[PDB]
2 protein chains.
Amino acid sequence: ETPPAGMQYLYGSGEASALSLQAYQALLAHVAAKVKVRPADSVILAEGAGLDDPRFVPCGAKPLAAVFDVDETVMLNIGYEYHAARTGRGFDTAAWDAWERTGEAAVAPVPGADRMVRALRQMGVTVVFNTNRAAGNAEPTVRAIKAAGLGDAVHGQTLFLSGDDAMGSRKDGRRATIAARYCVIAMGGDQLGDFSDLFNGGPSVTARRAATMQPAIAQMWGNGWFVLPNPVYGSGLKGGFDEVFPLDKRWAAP
Amino acid sequence: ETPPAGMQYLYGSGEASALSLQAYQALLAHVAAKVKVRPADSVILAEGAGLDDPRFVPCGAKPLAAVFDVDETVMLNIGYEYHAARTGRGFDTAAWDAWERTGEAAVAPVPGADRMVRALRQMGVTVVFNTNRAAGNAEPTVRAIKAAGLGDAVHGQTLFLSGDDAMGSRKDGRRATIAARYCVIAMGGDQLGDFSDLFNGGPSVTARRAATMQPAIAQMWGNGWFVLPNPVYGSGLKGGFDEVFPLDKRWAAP
Ligand SMILES: Nc1ncnc2c1ncn2[C@@H]1O[C@H](CO)[C@@H](O)[C@H]1O
Ligand SMILES: Nc1ncnc2c1ncn2[C@@H]1O[C@H](CO)[C@@H](O)[C@H]1O
Ligand SMILES: [Mg+2]
Ligand SMILES: [Mg+2]
């Protein structure tokens, strides 16, 4: 038995770690420039701004910050994905809850994430985590973040979790709270909902992919919005044949 | 039937296209800086330089260039992966040969690759492809590259293929030929062998991942060496449980 190909890729391969180091190298270069020349706009969309016409929360004079998704963006949930590969019960919500409470010693940093977070703090940039881990598991999540070498997160100040408001897995509310306190100059994530809820809750697989190429959205990638790979679970693992293989690009062997 | 999760991710998801646009945004910013301030070293390793002590071919006064892997770096082989998902015969070498000869109309650019290649040429940077597609299929490959919106490749000048020397799938020989003519200021790929053959032909799954974090190699990612995702086939899809899930990071649900 080999693990699922996506987990071989993400957790086993040098290809995936090189991909992750690349994201954080670009992020650190971007943050350094914005520390020297403060932008007018932050990288967090204004409330009511749609994907057909993106607009952003002003940077103002607010203290500089970077916002990170947690799972598979700064921290690899190796123990849980081991359980999923061994048992085939990755979709078990009670197992994931147990993992939030007890997985502390089975996480690793995403390659380059521990180094990136130290550099941001040396630069005077506040590191803020916005994750859909549950509020009631804030203390074990704090411990897992620290165990992954990512420093000290504080619930309600530099850590925001699902349940901190009544929006569920929608992260726009927490993003608005963060953007009201900080000038967020970089934001990292492995899922499109780590940048805007507008990618989810409706849009199809093909619509979401097209939305990443809307010009005002496309300009963000590697330039304020920084992406980490996740072919293992979540919103990238959707679609039938007609949405994955467009019908003008099909072919049959002899 | 849904396609394999890796293909959903790579070909269907907005996550994957955002990841690819990020790589090319970082590449274009890197190339622009090196066009204004020519480096002393190119991004191609010197012959005999090992992964334990990387050294590079000098840039000199040679004309500026960028080197790209083709398959799943600048061009998506949608038709072939459709065939693999439909038939389960992705590993068929005769089917892949037929695809090299007849897949011309079933390719798409990797998101951002057509735009990136146009920008590099407007900057006066020569675009060179180094691919393990076969020399005998150079003409259909030229047509597929052009069909993907990537411009005109020329065999032996800006296109180098497997069989152009007696090294097989090893690309170091072609890299040395390119580096002798150009100052290569950026190199893109989806496989570690698109940067050095020293990652392959021996090193285990865990050894190759560690090698990407050797400091002189780690400095390259997003900073001369640019990586595109491929959780669908190739050297990232290897390893048993003990190499994917390190034994200090294991966990079992209640
Ligand atoms: N391999 C996986 N398959 C399904 N869900 C996963 C996996 N890894 C983590 N999860 C998370 O576990 C929960 C239950 O599916 C969700 O929060 C989901 O994001
Ligand atoms: N899904 C796939 N599975 C296996 N090989 C593939 C796949 N897609 C492309 N290839 C290529 O097809 C050839 C036969 O395995 C190799 O050159 C390999 O790189
Ligand atoms: Mg996440
Ligand atoms: Mg390739």
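What follows is calculated from the coordinates using simple rules that are stated; it is not laboratory data. In this analysis, Cβ positions are derived from the backbone assuming ideal geometry, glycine residues included, and neighbour counts consider all displayed protein chains.
Gyration tensor analysis over the Cα atoms of the stretch B:145-254 returns equivalent ellipsoid semi-axes of 32, 16, 15 Å (largest first, whole Å). The value of relative contact order for the stretch B:97-254, using C-alpha pairs under 8 Å at least six residues apart, is 17 percent.
Derived value for the stretch B:28-93: Kirkwood hydrodynamic radius 15.4 Å. Basis is the mean of 1/r over every pair of different alpha-carbon atoms. Of the residues B:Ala218, B:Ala26, B:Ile145, the one whose Cα sits farthest towards the positive end of the charge dipole of the stretch B:5-232 is B:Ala26 (charges of +1 on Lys and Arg Cβ, -1 on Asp and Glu Cβ, taken about the Cα centre).
Per the Cα gyration tensor, the protein assembly as shown maps to an equivalent ellipsoid with semi-axes of 35, 26, 23 Å, ordered largest to smallest. To the nearest Å, what is the center-to-center distance of the stretch A:21-47 and the stretch B:34-96, using C-alpha atoms only? Computed from Cα coordinates, the inter-centre distance equals 28 Å. Derived value for the stretch A:106-147: Kirkwood hydrodynamic radius 11.6 Å. Basis is the mean of 1/r over every pair of different alpha-carbon atoms. Restricting the calculation to Cα atoms, every distinct pair contributes to the Kirkwood radius of chain A, found to be 19.0 Å. Charge dipole of chain B (Cα centre as origin; +1 on each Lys and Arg Cβ, -1 on each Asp and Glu Cβ, all else neutral): 700 debye, rounded to the nearest 20.
Within straight cross-link reach of A:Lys62, meaning Cα distance under 24 Å, which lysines are found once same-chain residues fewer than 8 apart are removed? A:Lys62 reaches A:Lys34, A:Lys36, A:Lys171. Placing a label point 7 Å from Cα along the Cα-to-Cβ axis, A:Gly163 is separated from the same position in the other copies by 6.1 nm, shortest listed first.
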